[PDB]
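Chemist: sequence, then the experimental structure. Questions to follow.
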Amino acid sequence: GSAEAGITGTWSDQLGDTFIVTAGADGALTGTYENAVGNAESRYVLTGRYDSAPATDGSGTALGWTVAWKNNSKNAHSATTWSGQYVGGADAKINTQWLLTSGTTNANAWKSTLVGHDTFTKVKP
Amino acid sequence: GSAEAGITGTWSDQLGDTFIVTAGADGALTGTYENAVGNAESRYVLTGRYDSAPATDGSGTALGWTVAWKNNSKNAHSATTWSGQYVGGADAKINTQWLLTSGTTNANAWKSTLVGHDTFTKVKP
Amino acid sequence: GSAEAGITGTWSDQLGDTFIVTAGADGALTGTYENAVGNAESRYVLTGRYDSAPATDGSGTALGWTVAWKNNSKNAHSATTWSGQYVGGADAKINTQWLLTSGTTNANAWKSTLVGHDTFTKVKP
Amino acid sequence: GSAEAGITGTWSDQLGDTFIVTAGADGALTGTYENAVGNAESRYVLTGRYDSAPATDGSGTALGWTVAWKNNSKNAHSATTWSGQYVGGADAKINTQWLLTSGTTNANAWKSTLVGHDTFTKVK
Ligand SMILES: N=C1N[C@H]2[C@H](CS[C@H]2CCCCC(=O)NCCCCCC(=O)O)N1
Ligand SMILES: N=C1N[C@H]2[C@H](CS[C@H]2CCCCC(=O)NCCCCCC(=O)O)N1
Ligand SMILES: N=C1N[C@H]2[C@H](CS[C@H]2CCCCC(=O)NCCCCCC(=O)O)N1
Ligand SMILES: N=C1N[C@H]2[C@H](CS[C@H]2CCCCC(=O)NCCCCCC(=O)O)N1
């Protein structure tokens, strides 16, 4: 599975953080976001989806995933979703834009959502 | 399961589409996005995450999910991620912003990502 | 001008705030963003552009503007841009999405930008 | 000076396009958005604002501007806004995110707006 094998592996973003992802044969993404070094308390579950039969015209493979920022010892009461595309080749990349929503009271809702972007480079199979 | 029972159920967005979601005990979100009526060809898998121990200060519960727009008969080579928060009460709602990325060649990548927002209203447990 | 006269006026957003705008014959937007009552210390300059010959097929009129949050007495070291479209009719609207960027250090650039949305309703011309 | 002097000039983005901007002493931004070479049919007016007394603690200078995609010969019935911040130094940058809304009917309004990002490098 071409998109499946291309997406699956370890990726690192522009901030230095690490994302380990497994693309399944049914379109599922599962893995873990790790901070810049890899210690337990800095790791969070990610789950998402990808187009498991992408176009064959040179376009990338659409995908997205979510991290809720709660693990077994921390909770930032917030969730980030990355939306983007895997672009293959010797120099494969996942180009994303992201939305980070914090839980807020309705009065503070206007400032609940950060937006950003990140490019991931593959580090390992 | 306060946030668990609040989120789980059937929801309707402002466009009229339906979102059936199950929030699990471990923070997973799993479900199906459908058009207005529920016809098989119009249904897509959704997977995401939410804060399963949210704050108790009146803030909403952060969450996110992804739909890759491929099912058993259609494929739009794109994925949308909703990022937002569930706000409880009798008038319960999920307020989100979303990112829809289409797979594209690198020359078209500047127009790969739509942004929007949607409020979901609960219609059934 | 139809879009010129439609956009020109006083508008109020979903948060209660006030947007006073003049749409010029050449596509310029100029005005002031204030609070619910127009307290002088709460007034900021806005500048923007609009499509001064928009479609007449029922589409709205594209437009955008910027407020830098600095005035005679306050400076939040930030700027919001709104992007959207004017839709005429008896109860006219401007539907927008907005980006708010704060000056940050490189290390905090990742959280420099909030995203949201607002619908403005016309109150006076 | 100083965010004034840093911002003012010619910038080029990641796609190769050009923006010429003047930052005014009152917080105004004015200029033109063009293509790679400055073909007249490809020029559009931009207007915006910036923080004209930014922090000095190393933070960038917040700014934003709009281009409506209509000039003397073309109209794409759309407008982009960039929101970002100017960071000085020898290799000066403006890091932005942007929103491009097209005029739509209400039925197409859900797909009216593209989002993206761009880093501008000063060229002149
Ligand atoms: N590697 C990355 N790190 C950042 C981006 C998108 S995900 C983000 C890290 C998010 C960690 C959880 C967190 O800090 N959540 C609370 C953020 C609220 C910030 C308050 C605000 O300025 O609105 N990519
Ligand atoms: N209920 C909702 N429907 C819309 C919003 C965010 S998800 C979206 C439906 C997306 C369906 C899949 C789809 O049409 N994918 C391709 C979209 C690219 C459109 C190209 C263009 O005209 O710019 N919420
Ligand atoms: N009427 C509106 N008010 C809000 C929205 C978009 S414009 C915004 C008001 C912005 C006022 C200036 C301001 O507070 N700037 C700095 C805010 C940074 C918050 C930092 C964070 O929590 O991420 N619409
Ligand atoms: N240098 C840049 N070029 C792109 C980004 C943000 S501004 C954008 C250029 C936009 C030119 C005007 C334009 O094409 N407007 C209509 C966009 C139609 C998108 C619909 C589609 O084909 O999917 N930066």
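Modeler: Perfect, thanks for sending it. Numbers count the residues shown, from 1 in each chain, chains lettered A, B, ... in the order given. Ligands and ions are numbered 1, 2, ... in the order given.
Chemist: give the contact list for the closest residue to chain D within chain A.
Modeler: Nearest to chain D, among the residues of chain A, is residue A:117, at 4.6 Å (CB to the nearest CB). Backbone N, C-alpha and C define where each C-beta goes, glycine included. Residues in contact with residue A:117, defined by CB atoms under 8 Å, 6 or more residues apart in numbering or on different chains, are A:95-98, D:97, D:116-117.
Chemist: go through the helix or strand where it lies and flag the buried ones.
Modeler: For residue A:117, the host element (DSSP states H and E) is strand A:113-124. Residues of strand A:113-124 classed as buried: A:113-118, A:120, A:122 (neighbour count, 16 or more other CB atoms under 10 Å in any protein chain shown).
Chemist: returning to what we had before: farthest pair within the contacts of residue A:117?
Modeler: A:95 and D:97 (14.2 Å; CB to CB).
Chemist: dump the strand holding residue A:117 to PDB, restricted to CA.
Modeler: Only the C-alpha atoms of strand A:113-124 are listed here, as PDB (Å, rounded to 0.1, in the frame of the first residue of the first chain):
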ATOM      1  CA  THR A 113      -8.600  28.800  18.800                       C
ATOM      2  CA  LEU A 114      -5.100  29.200  17.700                       C
ATOM      3  CA  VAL A 115      -4.200  28.500  14.000                       C
ATOM      4  CA  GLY A 116      -0.800  27.600  12.600                       C
ATOM      5  CA  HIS A 117       1.100  25.500  10.000                       C
ATOM      6  CA  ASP A 118       3.800  22.900  10.100                       C
ATOM      7  CA  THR A 119       5.800  20.800   7.700                       C
ATOM      8  CA  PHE A 120       6.800  17.300   8.800                       C
ATOM      9  CA  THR A 121       9.900  15.600   7.400                       C
ATOM     10  CA  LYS A 122      10.200  11.900   7.700                       C
ATOM     11  CA  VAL A 123      12.900  10.700  10.100                       C
ATOM     12  CA  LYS A 124      12.500   6.900  10.100                       C
END
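Chemist: kindly report the residues of chain A close to ligand 3.
Modeler: A:110-111 (CB under 6 Å from any ligand atom).
Chemist: report how many residues lie close to residue A:10.
Modeler: 15 (other CB atoms under 10 Å in any protein chain shown).
Chemist: what ranges do the helices span in chain A?
Modeler: For chain A, the helices defined by DSSP state H cover A:2-7.
Chemist: look through chain A and report the residue furthest from the middle.
Modeler: residue A:107 (29.5 Å; CA atoms, centre = their mean).
Chemist: how far away is that one from ligand 4?
Modeler: 33 Å (CB to the nearest ligand atom, to the nearest Å).
Chemist: what do you get for residue A:18?
Modeler: 30 Å.
Chemist: and that residue, what are its bridge partners?
Modeler: Beta-bridge pairing of residue A:18 under DSSP bridges involves residue A:12, residue A:34.
Chemist: and for residue A:79?
Modeler: The partner residues for residue A:79, given DSSP bridges, come to residue A:68, residue A:101.
Chemist: let me see the contact set for it.
Modeler: Contact partners of residue A:79, counting by CB under 8 Å, 6+ apart, are A:66-69, A:100-101, B:49-51, B:62-64, B:83.
Chemist: neighbours of whichever residue of chain A sits closest to ligand 2, how many?
Modeler: Residue nearest to ligand 2 within chain A (CB to the nearest ligand atom): residue A:62, separated by 8.7 Å. Using other CB under 10 Å, residue A:62 has 31 neighbouring residues.
Chemist: beta partners for it?
Modeler: Bridge pairing for residue A:62 - DSSP bridges - gives residue A:85.
Chemist: just checking, it touches residue A:85?
Modeler: Yes: between residue A:62 and residue A:85 there is a contact under CB atoms under 8 Å: 5.3 Å.
Chemist: spit out the residues that contact these two alike.
Modeler: Contacts common to residue A:62 and residue A:85, judged by CB under 8 Å, 6+ apart, are B:101-103.
Chemist: and these, which is closest to ligand 3?
Modeler: Closest to ligand 3, out of all of the shared contacts of residue A:62 and residue A:85 and judged by CB to the nearest ligand atom, is residue B:101, at 24.0 Å.
Chemist: ok now do the closest one, which residues does it touch?
Modeler: Contacts of residue B:101 by CB under 8 Å, 6+ apart are A:62-64, A:83-85, A:97, B:78-80, B:112-114.
Chemist: can you put the residues you listed in TSV and add distance to ligand 1?
Modeler: Shown next, in TSV, are the contacts of residue B:101 (distance: CB to the nearest ligand atom, whole Å):
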residue	distance to ligand 1
A:62	19
A:63	16
A:64	13
A:83	12
A:84	12
A:85	17
A:97	10
B:78	21
B:79	17
B:80	18
B:112	19
B:113	15
B:114	19
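Chemist: ok, residue A:90 - how many residues close by?
Modeler: Other residues close to residue A:90 by other CB under 10 Å number 4.
Chemist: return the set of residues that bridge with the residue nearest to residue A:29 when sequence neighbours are not counted.
Modeler: If the residues on either side of it in the chain are set aside, residue A:29 comes closest to residue A:48, at 3.9 Å by CB to CB, 6 or more residues apart in numbering or on different chains. Note on residue A:48: beta-bridge partners by DSSP bridges are residue A:29, residue A:65.
Chemist: please apply the same query to residue A:95.
Modeler: Beta-bridge partners, per DSSP bridges, of residue A:95: residue A:85, residue A:119.
Chemist: near chain C, which residues of chain A are found?
Modeler: A:15, A:99-100, A:110-116 (CB under 8 Å from any CB of the partner chain).
Chemist: I'd assumed residue A:121 was in contact with residue A:12.
Modeler: Yes: contact criterion CB under 8 Å: residue A:12 and residue A:121 qualify, at 6.0 Å.
Chemist: interface residues of chain A facing ligand 1?
Modeler: A:13, A:15, A:17, A:69, A:76, A:78, A:80, A:98, A:100, A:102, A:111, A:114, A:116, A:118.
Chemist: ok, so of these, who is nearest ligand 4?
Modeler: Taking the residues of chain A next to ligand 1 together and measuring to ligand 4 by CB to the nearest ligand atom, the closest member is residue A:116, at 16.6 Å.
Chemist: so what's that closest one closest to, chain neighbours aside?
Modeler: residue A:98 (5.1 Å).
Chemist: could you do residue A:113 as well?
Modeler: residue A:101 (4.8 Å).
Chemist: before we move on, what about residue A:4?
Modeler: Residue A:4 sits nearest to residue A:23 (CB to CB, 6+ apart), 4.7 Å away.
Chemist: ok, residue A:50 - contacts?
Modeler: Shown in contact with residue A:50 (CB under 8 Å, 6+ apart): A:3, A:7, A:23, A:27, A:29, A:61-64, A:86, B:68, B:79.
Chemist: can you do 6 Å?
Modeler: Neighbouring residues of residue A:50 by CB atoms under 6 Å, 6 or more residues apart in numbering or on different chains: A:23, A:29, A:63, B:68.
Chemist: is it true that the last one touches residue A:48?
Modeler: When you say that, I think you mean residue B:68. No: here residue B:68 does not reach residue A:48: they are 8.2 Å apart, not a contact under CB atoms under 6 Å.
Chemist: if anything else comes up later, I'll come back, but that's it for now.
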